[PDB]
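Working notes, beginning with the structure itself.
So you know, we letter chains A, B, ... as the sequences are listed, proteins then strands, and number each from 1. When a ligand or atom number is given, it counts from 1 through the structure's own listing order. Atoms considered below: every heavy atom in the structure, side chains included; atoms not considered: hydrogens, waters and symmetry mates.
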Amino acid sequence: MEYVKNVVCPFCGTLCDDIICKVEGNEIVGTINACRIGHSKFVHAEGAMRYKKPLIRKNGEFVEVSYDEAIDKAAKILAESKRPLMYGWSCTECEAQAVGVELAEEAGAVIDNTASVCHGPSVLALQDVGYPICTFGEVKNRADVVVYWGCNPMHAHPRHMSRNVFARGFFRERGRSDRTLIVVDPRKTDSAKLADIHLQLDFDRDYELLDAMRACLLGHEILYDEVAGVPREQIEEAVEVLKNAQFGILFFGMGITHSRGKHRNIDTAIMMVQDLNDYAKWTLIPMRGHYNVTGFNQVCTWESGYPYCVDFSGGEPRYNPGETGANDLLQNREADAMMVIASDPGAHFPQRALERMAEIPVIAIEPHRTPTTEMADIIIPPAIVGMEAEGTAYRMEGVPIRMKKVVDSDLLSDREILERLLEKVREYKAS
Amino acid sequence: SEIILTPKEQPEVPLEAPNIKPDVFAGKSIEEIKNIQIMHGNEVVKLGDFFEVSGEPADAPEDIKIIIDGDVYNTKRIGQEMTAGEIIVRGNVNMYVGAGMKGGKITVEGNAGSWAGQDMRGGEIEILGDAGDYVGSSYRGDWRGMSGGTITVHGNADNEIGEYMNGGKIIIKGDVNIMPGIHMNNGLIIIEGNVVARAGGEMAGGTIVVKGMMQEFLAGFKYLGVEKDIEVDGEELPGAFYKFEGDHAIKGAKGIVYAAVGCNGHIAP
Amino acid sequence: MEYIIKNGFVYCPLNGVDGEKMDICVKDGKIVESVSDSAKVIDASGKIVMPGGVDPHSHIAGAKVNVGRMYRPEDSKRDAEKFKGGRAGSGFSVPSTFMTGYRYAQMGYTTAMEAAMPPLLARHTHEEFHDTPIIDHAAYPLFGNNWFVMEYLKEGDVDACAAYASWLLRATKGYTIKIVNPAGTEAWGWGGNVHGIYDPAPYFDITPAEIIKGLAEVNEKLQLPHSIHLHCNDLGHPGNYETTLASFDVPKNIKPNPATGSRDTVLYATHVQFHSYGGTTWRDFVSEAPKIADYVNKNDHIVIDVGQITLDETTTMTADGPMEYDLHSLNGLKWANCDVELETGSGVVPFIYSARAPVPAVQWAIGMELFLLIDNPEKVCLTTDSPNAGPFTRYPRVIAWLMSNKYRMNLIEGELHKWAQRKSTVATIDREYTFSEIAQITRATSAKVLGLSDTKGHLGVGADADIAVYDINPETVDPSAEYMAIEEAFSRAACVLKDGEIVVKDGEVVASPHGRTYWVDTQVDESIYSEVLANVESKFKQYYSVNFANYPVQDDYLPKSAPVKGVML
Amino acid sequence: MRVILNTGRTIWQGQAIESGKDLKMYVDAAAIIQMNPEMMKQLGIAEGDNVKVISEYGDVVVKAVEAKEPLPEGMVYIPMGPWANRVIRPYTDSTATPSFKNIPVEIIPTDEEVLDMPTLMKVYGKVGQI
Amino acid sequence: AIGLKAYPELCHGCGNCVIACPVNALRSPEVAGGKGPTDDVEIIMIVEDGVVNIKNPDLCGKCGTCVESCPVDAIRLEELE
Ligand SMILES: Nc1nc2c(c(=O)[nH]1)N[C@H]1C(S)=C(S)[C@@H](COP(=O)(O)OP(=O)(O)OC[C@H]3O[C@@H](n4cnc5c(=O)[nH]c(N)nc54)[C@H](O)[C@@H]3O)O[C@H]1N2
Ligand SMILES: Nc1nc2c(c(=O)[nH]1)N[C@H]1C(S)=C(S)[C@@H](COP(=O)(O)OP(=O)(O)OC[C@H]3O[C@@H](n4cnc5c(=O)[nH]c(N)nc54)[C@H](O)[C@@H]3O)O[C@H]1N2
Ligand code: SF4
Ligand code: SF4
Ligand code: SF4
Ligand SMILES: [Ca+2]
Ligand SMILES: [K+]
Ligand SMILES: [K+]
Ligand SMILES: [K+]
Ligand SMILES: [K+]
Ligand SMILES: [Mg+2]
Ligand code: NA
Ligand code: NA
Ligand code: NA
Ligand SMILES: [S]
Ligand SMILES: [W+6]
Ligand SMILES: [Zn+2]
Ligand SMILES: [Zn+2]
């Protein structure tokens, strides 16, 4: 039994880098410090399918083939397509993501990540009004007001509150006792149960509440007696708590990206945070989902100039979320082929997008059996980043941390698979 | 002079045809018009591959009338950045119709996709059917949107019509969904039907008129009273209206929202 | 491989060559005495031959740059390109990485330095440099608002601060001690700032003057190739010239001691145009560039770069967090910020510098006065704090303004606001830079002050074969009258060699090799080093959000590591 | 009855996706509808009884469970997964992001069985493309 | 008597209790600052294999801080016999 310390967890955007892996004869058999989710990713569940070989769909049944045969057929599909969609990316490392961008340029494809079903509305908002953020250590060391707006970290980023709220920092040496914890959610979540203030507002009315808070912040009267189910007097009191902070942090999630208004809910929250700086030091951090969703948007931006929904059909990059996002291309029936990497749109896209996936060729670069592999024509299994392969990942507030190779696998990495696919697509485009 | 484009079967992978405009057709023969380049996904194709072409050429764009004699539901950017002349579409269009146009006129007899008249500078767009989201909007990240022109939609439209508007006029004869006039700086938006929510959200200036019912409104607005037989940029609107100034979530906001008294009693404080 | 660049008019200020017709011989990446008869000929008759350009201050790789790219899709829509044989890219003011390398190489630049790297985000800077073709490069870690620096220097422990800086330069694979608004960005961690050089940040109780002096002493104790690189307190405020002149005097009694190179100045002051303002408010504002230029002329311990306004719609991005918030408060445009735990801060705001507006017009004139009133070009570098005062693609326009008083007067008498004439002396200056002086401020001053002049910024035997050929005939061109031909020729080089291989031909990129990463390697006393490392690891356990073992940049991030030695035992 | 469908994470759905979406534990974590005990009394059901969920966009059978995180009156919660995505609003309002949260749905008790993961995906009728 | 009792089947492995505990914080500077321990240390409880695991029950003072920190009642102070 060996203990591998300082391991990076390949699950959520908290990107914990203090994991201890328990290793017995080339197998991760246990962990220390990782939460219930992180531990479940690291260890193998008895009976779960882990593909050992690539597969191709024949006539309802699948047949095992070599990497050469599977990559050859995947390359032929991408080469012959007029509007190929290359989607997912958030659960692989930055080098594999960079090969993806080069392959999307070669194929004249649209390249897009999970941001289009997640914090893509936050990206649209930050492009219009700004992005006032800080790193986790500034929250730990300075924050006296912590807000979780439309996120449930106890279920979705399980060690986030222990690392940022209960932690004793340089100027907040009493930890939890030095901070006012605020949670904004229509449900009484397990995260709201720990709050000092729970604003249990009406669903789909965050935009209306934020309009009232901003007007009040600027010295104006609130037009109505109740907004989003919160009385006028309590809105005024919440604003005073924010104005009296020495250092405030607004953490936010899917509760405002997926609900009515989408990007405009984030836009109004950002502008409130900016204007609060005339009274108190304020910043925000989007609760980025997958451990490397942030890395894709960083890589894609630095290489092309745009973060997601990037269309290379015309050679030069073009960007239009609502036209060039994965759900737009599938639901409007524009995409004629789809390559999925390190994502599960089969499980996580709406029914209208699945109807299109049933009619077009689907390539899945995936290690496990999922709803996407049930909808796939070609399955190519890789070595898993953070367990069997190394590479950079970016934390939710942009901190880059290198993922580790803890055990060995006979499978190819995502980067290796993508480099071979790029070479074969070039050969088919030429012939 | 009329130049007739009769569409062949529209492809499932959409076409992008910004070269379909009087400015490009001016000075070209019928045979040269058939060789105009358009995009079919990741391939460059000829206009003649997807349209039959006939009619009479002309040297100046102001003397050209393009008639698309059929449905072009899967053709994007028709009339993009046109300066003069006319386009009549006897059917539907996809996204970006008349995007960035400076003059002339486009008539769509059917429906239009999102971004109809995005970044418009002048001229006229008339959609006899419904329109999508972002009618007369700005582009992602830009704080400078539509600066002139008139857009009229005879049917319904969806979200964020006149997003970051900075001049011109938008008339929706039907209903809209949410956030019309979002971040509006200047211009006039008239909605003859209903609004679901958030009219004038984060507006700094300009005017929004709602003749139907606003189901929900915003607490950042100041109520100024009832005004009767109003006049806004020459448009005469008879009847009683509740008048609001805002959105006071924005610093120095001077925007005006008028809402018909008859169906907005629940919006007045 | 062998090349001979034949019959060009050579300009090499470091070797005293001022437009002489002579041949440059190249063998396997180096400039040599001679080559064999089988050497490939590059015909440079009727053309200018210069060393490859060396940019000492640009924002091209890392976190604040990528926030600028991400949050400005409209900047990309305005300028999107697909390079034949190359990669796609976009961004007028904040270009994508492949486009960045291509655009530097097209204007004959072969080395460019990343001006402001947050240590915790160092892996991001190096990953962007991997996707930046051709140019050799380095990154400057930030030290002016660092918690370890402030607590060691508070107690006068320059020996411990030197051990911390030695570890940090190696851990981040950095090259320079960069100082931005010393103490002020820490004060911005609480929503404040510092005013002048004697005002401390909260808690730390160390003044900007003490940070500047202490870091200058650390720099020379470590025998670093470049000096401290300073962005002064009070950036962009009327009357800040007094803070600037006071800052310039702080390290004047410290003797330079570089181990590598020939630097002989203790202070490098960046984008000094933004630090040369007179008056007390905008109601009595005047240029104080003549007083700043007089100080530089009379003192021997300082090199400056100008930060020239290009009169464009651009993007501001700096590690001066409170200044960026104040800029957003003035223009109301989209504002990004990033406070980095124990280390630094940053902000990004778009900015329009219109020729017809009064403050941009005076700011343009201030930079022109600094270039033209500083007598010796050995004390000046051509910069635009790219993209802050304008994008680096405008360096050829800056060259053309310096070489032509007709181009300057056409702007002054035309669109430029009358404040450029009423509030400055620019209209009374007829001086025109020569081709030798242009070569001095674009490659010789920078290479020397950076400690790289043994191999960069010159065409002598032993130099790296980084060479630019420009389609300009100095025997027939009148640079005063033909200012648009000068601008155009410096924008699209006829030929560029990087390490003795052709990378540009007639303004087009023809090869994309990876460039080297220069960084500083230092070794201090083992006893103090061990003590500082134990303290650093103890502070990581308690106050950083990452584990100490995962903090340093791994070898995987530098494909062409080029260490430069400072002090050794 | 008419209710508002909210969807998202549970720690149990997180453990199940990382253990295996082909295991029984994924059906037990994600093919469920959380509701307040008062709503279960209105419908005349108990924990473990099946519910038919119908929206304008599709239909699904899920297992009723009592909510440990209380819901506002009239709201239900299905964890993210292919069961939830049979019925939520696909439309992106020209943003690329679907409306995964707060959709009006009709819920009634049913004796029909919950479909396992491969059987549920057969509703889309995948046709082999090679 | 009253003592510390874990219910690992209800536990999220969030670590709130581990960090909040004053005994753990005093013994481990990493824990005091919100991290899980990396240096070898003897503390009351740790998150192991994804759930809370009691290691040194004799060090517990039965203060109730961990109990307030857990929203799912997975760590309690109750009669052990
Ligand atoms: N267990 C688990 N954890 C995960 C994942 C997973 O699949 N499983 N995936 C990861 C990913 S990719 C992401 S993006 C994160 C997301 O993590 P979160 O952002 O926490 O996402 P959700 O749990 O989907 O929704 C958060 C909350 O929004 C609330 N909500 C619903 N409607 C509204 C509204 O109108 N207003 C407000 N204020 N709140 C509302 C819900 O009640 C819910 O508690 O989780 C990550 N972590
Ligand atoms: N109804 C509803 N639907 C939702 C949501 C909601 O709140 N409600 N949330 C949405 C959001 S925010 C998101 S991000 C999506 C969830 O986003 P998805 O990307 O669909 O989430 P996962 O199911 O975690 O899929 C990750 C996949 O990557 C695989 N994988 C892991 N490691 C590696 C690797 O190293 N290489 C490769 N190639 N593969 C790897 C895993 O086996 C897994 O199948 O769901 C969306 N859908
Ligand atoms: S909080 Fe997220 S990153 Fe940290 S251990 Fe749990 S799943 Fe892994
Ligand atoms: S017992 Fe409670 S507080 Fe402690 S790790 Fe488990 S869920 Fe978190
Ligand atoms: S009761 Fe007090 S001493 Fe015992 S484990 Fe909980 S917090 Fe620590
Ligand atoms: Ca916009
Ligand atoms: K697993
Ligand atoms: K950009
Ligand atoms: K000197
Ligand atoms: K409890
Ligand atoms: Mg800081
Ligand atoms: Na600094
Ligand atoms: Na003038
Ligand atoms: Na209920
Ligand atoms: S995500
Ligand atoms: W997500
Ligand atoms: Zn600077
Ligand atoms: Zn700078």
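Separation of atoms CZ (A:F136) and CE (A:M396) is listed at 4.0 Å; rounding is to 0.5 Å.
Among the atoms of C:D339, no N, O or S atom falls under 2.8 Å of the Mg ion (ligand 11).
Judged by the 6.0 Å distance and 45° axis criteria, E:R76 is positioned over the aromatic ring of E:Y7. Remark: C:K154 fails to qualify as a cation-pi partner of C:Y152 under the 6.0 Å distance and 45° angle criteria applied to the six-membered ring.
Of all protein N, O or S atoms, those under 3.4 Å from the K ion (ligand 10) number 3.
A:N113 places no side-chain N or O within 3.5 Å of a backbone atom of A:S90 that could act as its donor or acceptor partner.
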**OP:** Applying side-chain contact (heavy atoms from CB on, under 4.5 Å), run through C:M323 and C:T318 and close with a yes or a no.
**Re:** CA-CA 9 Å; C:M323 180 277 290; C:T318 67; 3.6 Å; yes
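Test A:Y131, A:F252, A:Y308 against A:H119 for ring-ring contact (aromatic ring centres under 6.0 Å, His included) and you get one pass: A:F252.
When the side chain to side chain donor-acceptor pair (under 3.5 Å) test is applied to A:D414, the partners found at least two apart in sequence or on another chain are A:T92.
Looking only at N/O/S atoms, A:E138 comes nearest to the Mg ion (ligand 11) through OE2.
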